[PDB]
Amino acid sequence: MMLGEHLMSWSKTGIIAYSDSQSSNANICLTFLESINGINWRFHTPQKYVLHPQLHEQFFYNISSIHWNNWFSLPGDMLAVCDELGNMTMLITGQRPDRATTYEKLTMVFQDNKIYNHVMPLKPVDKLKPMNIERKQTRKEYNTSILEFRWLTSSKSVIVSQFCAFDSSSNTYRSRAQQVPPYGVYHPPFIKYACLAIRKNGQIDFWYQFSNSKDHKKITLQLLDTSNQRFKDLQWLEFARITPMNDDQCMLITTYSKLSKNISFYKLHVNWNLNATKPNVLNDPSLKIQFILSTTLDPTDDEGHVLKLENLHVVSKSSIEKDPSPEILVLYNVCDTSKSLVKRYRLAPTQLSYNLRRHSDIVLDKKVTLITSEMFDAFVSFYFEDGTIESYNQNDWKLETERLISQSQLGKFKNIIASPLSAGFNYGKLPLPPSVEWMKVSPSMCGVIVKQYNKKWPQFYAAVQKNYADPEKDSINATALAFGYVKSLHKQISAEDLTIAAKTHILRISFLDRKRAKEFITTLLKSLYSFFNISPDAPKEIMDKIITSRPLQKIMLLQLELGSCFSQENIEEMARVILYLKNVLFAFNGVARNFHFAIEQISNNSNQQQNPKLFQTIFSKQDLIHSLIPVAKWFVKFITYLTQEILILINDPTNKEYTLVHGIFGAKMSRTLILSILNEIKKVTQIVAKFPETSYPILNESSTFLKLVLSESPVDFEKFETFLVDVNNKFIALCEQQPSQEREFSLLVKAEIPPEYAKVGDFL
Amino acid sequence: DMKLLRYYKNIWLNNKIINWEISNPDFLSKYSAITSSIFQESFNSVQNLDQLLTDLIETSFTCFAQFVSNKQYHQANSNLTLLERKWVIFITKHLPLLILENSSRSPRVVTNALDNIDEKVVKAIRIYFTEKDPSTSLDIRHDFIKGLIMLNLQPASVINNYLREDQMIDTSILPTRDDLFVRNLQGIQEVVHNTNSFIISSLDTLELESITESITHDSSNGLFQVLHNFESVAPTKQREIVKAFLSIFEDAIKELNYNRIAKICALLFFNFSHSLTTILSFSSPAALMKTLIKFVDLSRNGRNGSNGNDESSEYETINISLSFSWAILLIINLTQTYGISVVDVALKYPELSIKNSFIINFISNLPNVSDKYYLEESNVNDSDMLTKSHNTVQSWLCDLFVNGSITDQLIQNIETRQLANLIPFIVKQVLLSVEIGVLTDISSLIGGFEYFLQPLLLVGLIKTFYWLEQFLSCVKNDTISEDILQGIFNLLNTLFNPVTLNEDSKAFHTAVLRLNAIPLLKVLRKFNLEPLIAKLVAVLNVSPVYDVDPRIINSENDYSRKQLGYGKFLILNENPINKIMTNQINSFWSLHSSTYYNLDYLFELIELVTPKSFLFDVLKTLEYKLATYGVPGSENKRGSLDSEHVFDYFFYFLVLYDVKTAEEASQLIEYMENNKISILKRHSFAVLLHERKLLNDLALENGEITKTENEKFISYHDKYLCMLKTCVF
């Protein structure tokens with residue numbers, strides 16, 4: 001039997017929403033990955049919910065498919081689930097009718113049965129009282145049973161990377177990122193969202209919401225637009241795969257109706273703006289359909305063995321590839337033979353001097369039980385019977401795990417790597433599909449999710465490498481995992497799966513030689529900077545851009561997890577203090593800009609004193625500065641720790657356990673960042689002194705306390721200000737004395753000084 | 001026990017009638033052994049011959065009763081009549097012979113058999129006939145007795161016993177002798193003492209023009225009169241006539257007699273008065289297929305020993321072309337309407353080269369034509385033939401569209417197989433060019449398409465009509481101006497309504513238009529238009545068409561306020577797939593509704609839902625009904641033996657849908673106990689059950705499945721084997 005290709009969906013924000021078929025009080029579950037003790041990981045507690053058609057005011061039905069709106073560049077928070085009865089239930093997470101909430105709390109938008117608006121925040125089953133709802137099983141495949149659900153993206157563009165190559169001239173890996181223009185059908189900004197669903201009887205649906213209204217609208221048609229309803233209700237489509245094509249507002253509805261035993265093709269057209277001359281009049285989009293082609297399947301192979309169509313998966317192909325025609329991969333299995341044939345067809349127009357052109361045939365040695373297409377990766381995954389997975393690339397259908405062995409090394413570009421799977425990281429012995437409810441390869445292909453019948457919790461399997469004793473392969477592996485994150489950030493993926501896989505390999509290295517594992521981290525994170533065209537050895541102008549960059553919230557988090565096992569080590573400590581300084585940065589400069597605008601509001605709003613709006617405005621002015629006082633206590637408490645270590649290190653310079661103090665001062669932007677914090681602190685105090693609170697003396701305590709805490713600090717800030725300023729100048733002249741770029745990495749990440757610069761350490 | 005016996009026997013007869021196994025001389029043996037096989041305990045009763053024939057009589061009558069009385073619950077247009085005609089043919093033809101050489105000629109036993117029937121069958125038959133329509137309304141019982149009279153089984157005084165008390169039948173009028181009588185040219189009923197000589201003598205003097213234009217029955221040819229009067233043939237004589245064709249046809253293949261091969265195929269294709277259905281109903285279609293596909297495959301060696309240097313060559317080449325071209329049309333008609341697969345026969349007979357079979361891959365790609373022209377398909381890796389492949393295309397286009405004549409050199413140098421694909425290529429190029437606007441001159445083309453109707457080029461029309469609907473379906477949705485559209489009809493009408501036809505091409509042209517007429521009619525009506533439908537309806541009325549709504553053919557003025565259904569199986573929203581299968585669950589579990597014993601409405605339903613979803617949605621849904629309601633037919637919820645027989649109903653039905661012949665069963669037992677076996681049964685349940693049995697056993701070694709779950713699955717598997725081994729198939 002075919003597995004649950006759409007039973008589970010990894011949302012782009014990490015929420016794992018999957019269908020539940022065992023609990024008698026719930027049908028859907030929500031969970032996510034969390035860290036146990038900084039080293040290990042565990043899934044979060046399952047948040048069970050119950051979905052029935054009568055939430056608007058009682059038996060609930062099973063869940064057919066779950067589709068997170070993670071397609072293209074969508075935010076990925078609006079989850080729409082379609083049940084077995086055909087009702088499409090849309091749940092929005094991260095928002096409440098009155099306020100904003102976290103990502104683990106759900107909320108409804110509208111229910112379909114006719115469609116109506118009813119906003120109501122859902123509650124978990126366990127917390128809710130025992131209700132009179134029983135699991136009624138809709139064991140009937142209705143006319144409205146949705147076969148395939150597809151989301152509609154907006155007009156925004158997505159920028160990703162295609163592949164990287166090893167530049168033998170510079171002995172470094174180089175990657176190029178190509179912007180991907182939108183292809184297929186995209187909804188305009190004035191429409192809040194749109195989605196399409198194909199029902200098993202051929203009836204189509206088009207849900208959409210206007211951005212300026214709350215009422216929802218639905219437009220429905222049927223594929224077989226014949227004059228007789230006798231054939232209208234006959235199109236029982238076995239497979240209905242919707243692949244958008246480069247044609248404008250067109251989707252190729254590749255259907256296989258067993259009534260006529262032919263793989264029929266269709267074209268769907270939508271006009272977003274019917275009246276372009278009247279932009280104010282927002283008209284409903286018009287839907288059109290046009291039959292194109294139909295072909296019959298081949299009965300036999302070349303040698304005389306008959307074939308059976310097991311699956312019909314067509315790849316969502318963009319215009320980037322050489323031939324943009326979608327690949328209709330009609331799978332065939334030779335009976336009583338381990339071989340499995342995958343014939344490939346392409347749809348092309350008929351040219352004068354449409355049609356399906358056969359390119360080639362590919363033979364696989366094991367039977368296939370599941371096919372899943374990766375998103376933004378162009379990878380077809382063949383989940384064979386024995387548990388092994390062979391992901392074939394869309395470009396050449398060359399095995400990714402064995403591409404390095406068979407790659408033609410000679411050439412301009414060598415060692416073409418697209419994912420960590422190219423290095424050789426193969427999954428272990430996965431559980432057999434008969435025992436497995438559903439599988440899904442993780443987005444980065446680093447591991448596989450398996451749900452088990454007797455396991456109440458989801459499992460997880462990571463990739464392993466057999467030749468971990470060979471030291472010469474560390475250069476390639478670090479670069480391969482470096483590019484794995486490069487694609488993830490461009491697609492706004494959490495990439496928590498990739499983090500787990502990297503740590504396991506490092507842990508096995510550290511068991512034999514602890515010295516070797518430390519260098520693996522340094523080389524791995526260095527390639528990230530080269531891939532993203534960011535240089536820690538650049539002039540100071542780019543350095544300001546680095547501090548505000550989102551990646552440091554994640555790339556520094558990498559060593560926060562990859563260095564957790566190393567007790568009494570400063571690799572994670574150096575990243576955390578810089579990361580927390582960023583939080584410290586968001587505290588003062590986050591409100592320094594806010595406080596500056598409050599100065600102008602005082603003068604222009606001084607003509608109405610008795611109004612009931614100024615009194616709340618006045619109260620909020622002096623309340624905000626009060627909340628900064630607890631932050632300032634940790635700000636002073638932080639600078640004392642580094643000054644305390646100065647006295648300790650002088651007596652015993654040979655103590656390696658206190659080498660963190662070197663990296664903190666060595667960081668180039670941190671010295672400027674603290675100076676900027678000290679600059680705005682002076683500006684804030686000068687402004688407060690220049691513009692004190694006079695209407696209410698009682699409110700001056702917060703302003704006065706700000707002056708007192710600075711003066712009463714055990715160490716004067718002015719003396720400490722000159723401390724970091726002098727370090728910057730001395731560390732710049734040393735660069736001119738001898739050119740070196742590793743020292744920039746050493747002062748920022750390694751938190752150490754190379755032995756070749758042992759004289760520099762004595763100066764501190 | 002009796003209910004189990006009757007259900008098993010009715011399903012067994014239905015399956016065996018569908019499987020064309022009536023001609024098997026083991027019918028009576030299996031029918032007698034049914035009673036012993038059903039009951040596991042020994043049942044050693046000496047059943048006398050009269051008892052067997054009586055049991056057969058009431059079984060057949062009750063089966064026909066259920067078959068005709070279950071039809072009102074079907075959709076009014078879900079029309080499938082092959083099995084209805086099959087029941088009629090069996091009951092009127094074989095059962096009289098079964099009595100003739102199986103009975104002891106006892107008039108009493110027939111009276112007891114036909115007097116023990118319930119009146120419900122008679123009431124239902126009369127009600128259905130009255131609703132369809134005093135006018136003469138004869139039942140199947142009258143035809144049964146009439147056949148027995150001709151065989152000297154019963155005297156003429158027996159028919160009056162069962163007649164209505166107010167109406168008798170004159171004894172003298174009823175025929176009593178089994179001798180063949182034919183109306184000659186002078187109106188005297190001549191006695192055909194010898195059958196084989198009559199066929200060959202008429203066949204030699206037969207005219208191919210007299211096929212469709214001879215609407216009147218007063219034709220000088222005796223054999224052609226028989227086809228239009230096929231419903232009144234004597235019981236025992238028609239077996240000789242069917243056997244006469246087989247011996248003659250096999251001898252024509254051995255001697256390579258091209259004249260009589262082409263003529264024979266023309267008679268069988270058109271199926272006047274259900275002539276073709278009776279042929280399959282006597283010879284097994286497998287043996288007919290084997291010889292027929294041998295000719296189309298072994299004809300390659302026959303073209304290397306003939307030299308075109310005689311004035312009889314053009315006579316021979318036309319005779320060769322028509323003999324080969326007609327033999328293709330016989331296969332397509334059998335595959336499409338009669339539900340036979342060309343792939344299956346190759347697997348069963350090892351002497352057929354599957355990889356080098358041109359017929360096998362031709363049928364499966366019949367409606368689709370390649371955009372590129374290749375002289376040979378197995379050697380696409382070579383470029384030498386592709387150089388002259390384009391030469392052939394330009395050589396034929398210039399000679400036929402500009403020169404206006406077909407040179408004899410072109411015909412001699414090319415084979416029939418290349419012609420079968422060359423003609424669709426050229427017509428597609430011309431028709432596409434006309435539609436776009438590349439070709440603007442029609443009159444020269446109208447004459448140009450006339451050259452496609454010559455006897456030499458007749459085989460090229462087979463693929464021309466199939467592509468038309470795919471061409472027309474795009475045309476129907478696309479916006480085409482009437483000036484172009486009227487041109488399309490003008491070019492099409494040349495093939496549809498020829499001005500003149502040769503004496504060997506007139507019957508062929510009608511025959512090809514008959515294969516793929518039905519989908520063409522549906523597309524055309526969606527829009528010089530009328531003549532095409534008028535021609536299409538004319539060729540559709542020459543003989544009856546199976547599984548077609550009669551309202552569609554004659555919808556010129558009838559408006560019944562009900563939309564027409566062109567397909568065999570039709571579904572509405574008022575009666576969706578849910579309601580019927582929910583009624584199937586009521587029948588799969590409680591044997592309710594009335595859609596059972598109708599393998600016409602069930603076999604197609606299974607395919608439309610696939611065996612996987614069909615079995616998955618019923619096996620696990622049974623527990624919900626069983627856990628709440630309980631086993632029907634028992635007032636006590638004690639014991640599992642009562643539920644055991646209910647499970648036997650479901651598993652016995654699935655066995656017949658998988659096993660189709662006698663020796664096949666002896667080979668499926670070896671498939672379970674562990675290549676060629678599962679090839680023929682790709683979609684069988686047995687493959688699905690066995691493939692999961694081995695797979696989950698692998699997990700048992702690895703221990704990802706609980707032992708209880710594995711034990712449950714094998715319980716279904718061993719039950720399937722246990723009934724398979726204890727019952728003879």
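Along each chain, numbering proceeds from 1 in written sequence order. Entry numbering may differ, and residues lacking coordinates are not shown. Following the order in which they are written, the chains are lettered starting with A and the ligands numbered starting with 1. Every figure reported here is calculated on the shown chains, themselves a piece of a larger assembly. Calculation of side-chain values draws on the structure's entire complement of heavy atoms; hydrogens and water are dropped beforehand.

Per the PDB entry, the recorded name for chain B is Mediator of RNA polymerase II transcription subunit 5, and the organism is Saccharomyces cerevisiae. Under its PDB record, the entry appears with the title "Mediator-PIC Early (Tail A/B Dimer)". UniProt positions are given in the numbering used here, feature names are shortened, and annotations may be inferred rather than shown by experiment. A UniProt comment under Subcellular location is attached to chain B, and it reads "Nucleus". Recorded in UniProt for chain B, the comment headed Sequence similarities runs: "Belongs to the Mediator complex subunit 5 family."

In the nomenclature of the PDB entry, chain A is known as Mediator of RNA polymerase II transcription subunit 16 of Saccharomyces cerevisiae. A UniProt comment under Subcellular location is attached to chain A, and it reads "Nucleus". Quoted verbatim from the Sequence similarities heading of the UniProt record, the comment on chain A is "Belongs to the Mediator complex subunit 16 family."

(A) Focus on the overall build of chain B. Assigned secondary structure in chain B consists of 35 helices and 2 strands. The globule rule puts the C-alpha radius of gyration for 729 residues at 27 Å, and the 29 Å found for chain B is close to it. Taken over the C-alpha atoms alone, chain B extends approximately 90 × 80 × 55 Å along its principal axes. Just so you have it, chain B exposes about 37200 Å², and 53% of that area is on carbon and sulfur atoms. Residues scored as positive are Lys and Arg, those scored as negative are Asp and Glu, and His as well as the terminal groups of each chain are ignored. In this description, the location of a charge corresponds to atom NZ of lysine, CZ of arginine, CG of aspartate or CD of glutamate. For chain B, the centre of its 64 positive side-chain charges and the centre of its 83 negative side-chain charges are spaced 6 Å apart. Segments assigned H or I by DSSP are reported as helices when at least four residues long, segments assigned E as strands when at least two residues long, and all are numbered from the N terminus. Only C-alpha atoms enter the radius of gyration, while the globule expectation follows 2.2 Å times N to the 0.38, with N the number of residues. Accessibility throughout is a Shrake-Rupley quantity obtained with a 1.4 Å probe, and a residue counts as covered only by protein chains that appear here.

(B) Layout of the sheet that holds strand 12 (residues 115-117) of chain A. Residue and element names in this part refer to chain A. Criterion used throughout: strands pair if DSSP finds at least two bridges between them. The strand order across the open sheet formed by 5 strands is 8-9-10-11-12, and the pairing between neighbours is antiparallel. Every other strand in the sheet has two partners, leaving strand 8 (63-68) and strand 12 as the edge strands with one partner each. Strand-to-strand, the axes of this sheet are offset by a mean angle of 25°, without reference to chain direction. Bridging between strand 8 and strand 9 (residues 78-83) involves 5 bridges; their strand directions are antiparallel. Residue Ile 63 lies in a different strand from strand 9, and its bridge partner there is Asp 83. For helices, the axis comes from a line fit to the C-alpha atoms of the stretch in contact; other axes are also lines fit to C-alpha atoms, and the angle between any two N-to-C directions lies between 0 and 180 degrees.

(C) Here's a closer look at the sheet that holds strand 28 (residues 368-373) of chain A. All names here are of chain A. The 3 strands are arranged 28-29-30 in an open sheet whose pairing can be described as antiparallel. In the strand order of this sheet, the two ends are held by strand 28 and strand 30 (389-393), each with one partner. Geometrically, the sheet is characterised by an average inter-axis angle of 20° between neighbouring strands, direction not taken into account. Of the pairings in the sheet, the one linking strand 29 (residues 379-384) to strand 30 comprises 5 bridges and is antiparallel in character. Bridge assignment links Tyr 383 to a residue of strand 30, and that residue is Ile 389.

(D) The arrangement of the nonpolar core in detail. Judged by nonpolar contacts, the single largest core of 217 residues is most densely connected at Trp326(B), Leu329(B) and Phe614(B). Excluding anything up to four places from it in sequence, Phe614(B) contacts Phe588(B), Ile606(B), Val609(B), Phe653(B), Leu654(B) and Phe685(B). Residues grouped as a nonpolar core are buried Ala, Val, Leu, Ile, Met, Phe, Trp, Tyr and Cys residues, joined through side-chain atoms within 4.5 Å. Burial classes follow relative accessibility: with a 1.4 Å probe on protein chains only, a residue under 20% of its type's maximum area counts as buried, one over 50% as exposed, and anything between as partly exposed. If you look at the next biggest cluster of nonpolar residues, it comprises 92 residues, including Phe425(A), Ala482(A), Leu498(A) and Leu642(A). What makes two residues a contact is simply this: any of their non-hydrogen atoms within 4.5 Å.

(E) Spotlight on the pattern of salt bridges. All names here are of chain A. We count a salt bridge whenever a side-chain nitrogen from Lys or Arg sits within 4 Å of a carboxyl oxygen from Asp or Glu. Counted under the stated rule, the structure contains 31 salt bridges over all chains. Here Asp 298 ties to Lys 343 by a salt bridge, and the two come within 2.9 Å at their closest N and O atoms. Of this pair, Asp 298 sits in the loop between strand 23 (286-295) and strand 24 (309-314) while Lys 343 sits in strand 26 (residues 340-348), and the two are 45 residues apart along the sequence. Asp 298 gets classed as buried once you look at its relative accessible area, which sits at 19%. The network of salt bridges with common partners includes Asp 298, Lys 343 and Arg 358.

(F) Quick look at the pairing of strand 17 (residues 191-199) of chain A. All names here are of chain A. With 8 of its 9 residues buried, strand 17 lies for the most part within the structure. Bridge analysis of strand 14 (residues 146-151) against strand 17 gives 5 bridges, and the strand direction is antiparallel. Of the residues in strand 17, the one forming a bridge with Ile 146 is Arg 199. Examined bridge by bridge, strand 17 and strand 18 (residues 203-210) share 7 bridges and lie antiparallel to one another. Pairing of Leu 196 across the sheet is with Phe 206, part of strand 18. Adjacent in sequence and paired antiparallel, strand 17 and strand 18 are bridged by 3 residues, among which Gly 202 carries a positive phi angle near 105°.

(G) Geometry of the packing of helix 28 (residues 577-590) of chain B against helix 29 (residues 599-609) of chain B. Residues and elements named next belong to chain B. Between helix 28 and helix 29, the shortest axis-to-axis distance is 13 Å and the interhelical angle comes to 115°. Relative to helix 29, helix 28 is oriented roughly perpendicular. Crossing geometry of helix 28 relative to helix 29 is assigned as left-handed. Of the residues in helix 29, those in contact with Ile 577, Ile 580, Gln 584 and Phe 588 of helix 28 are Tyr 601, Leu 602 and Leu 605. In this classification, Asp, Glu, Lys and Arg are treated as charged, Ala, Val, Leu, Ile, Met, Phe, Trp, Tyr, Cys and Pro as nonpolar, and every other residue, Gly included, as polar. For the contact of helix 28 with helix 29, the class distribution of residues is 6 nonpolar, 1 polar and no charged. In these notes the angle categories are as follows: under 35 degrees is roughly parallel, over 145 is roughly antiparallel, 65 to 115 is roughly perpendicular, and the rest is oblique. Left-handed describes a crossing whose near helix is turned anticlockwise from the far helix through less than a right angle; right-handed describes the clockwise counterpart.

(H) Broad picture of the interface of chain B and chain A. Facing 60 residues of chain B, the contacting portion of chain A comprises 46 residues. Put simply, buried area is how much 1.4 Å-probe accessible surface two parts lose in total, over both of them, once they are put together. Buried area between chain B and chain A, both sides added, is near 5200 Å², and the carbon and sulfur share of it is 55%. Contact with chain A buries area across many residues of chain B, yet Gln563(B), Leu608(B) and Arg682(B) alone supply 13% of it, more than any other trio. Seen at the junction of chain B and chain A, the total is 0 salt bridges. Residues adjacent in sequence count toward polar contacts only when both atoms are side-chain atoms; beyond that, a polar contact is any pair of N or O atoms within 3.5 Å, and within protein one must be able to donate a hydrogen and the other to accept it. Between chain B and chain A we count 12 residue pairs in polar contact in total. Taken together, the elements giving at least two residues each to the side of chain B that touches chain A come down to helix 16 (342-348), helix 20 (416-436), helix 22 (462-477), helix 28, helix 29, helix 30 (611-628), helix 33 (676-679) and helix 34 (685-702) of chain B. Residue contributions to the side of chain B that touches chain A peak at 7 residues, all from helix 34 of chain B.

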